[PDB]
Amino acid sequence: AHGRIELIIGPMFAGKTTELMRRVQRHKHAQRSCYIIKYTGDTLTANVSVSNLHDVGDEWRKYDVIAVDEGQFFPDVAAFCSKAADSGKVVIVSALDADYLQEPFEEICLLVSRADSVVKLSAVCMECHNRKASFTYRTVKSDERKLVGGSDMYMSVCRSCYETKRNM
């Protein structure tokens, strides 16, 4: 078929998963089979929760469209997406491009170069409430790169709020 990789990035609170599911739903109206892969440690179509993509086995071959949510948590995501898109799947990934220090998730970088489409969504600055936000700020003490959570541990911020808060 005509396989492809579509990538949705942006910081937290930007609605990336909502966009992902908007796209899935469109495909479902045309009767395409859709498989949604979520990340296992993360807290109505075919889906699975795994800690890596190799654990999906070959189950993905039964579907037209593969959606991968929270892509930054999967260590082998670029290769998975390329294998699937070479087999003719439409592969849709949502992921953080940047961690709380504004450093890239390397695997998502790889996907940018392999993607047919890349959209970067914004959020609204949760600090000043006046500007578009492109960064995620962690609000709890921790230095683990991976730290699963929501608005209890993070907020999205504009460029100048991210600086200000970093100083204080």
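Quick note: we count residues from 1 along the sequence shown, nothing fancier.
Coordinates for residue 43 are absent from at least a third of the other compared entries of this protein that model residues on both sides of it. Missing coordinates between residue 43 and residue 44 amount to 10 or more residues of the deposited sequence. Higher average CA B factor: 149-157, of the stretches 20-28 and 149-157. Look at the mean CA B-factor for 125-133 and for 60-68 in the entry; the higher one is 125-133.
Residue 35: CA B factor in the lowest third of modelled residues in this chain (values from the PDB entry). Residue 113: CA B factor lies in the middle third for its chain, per the PDB record.
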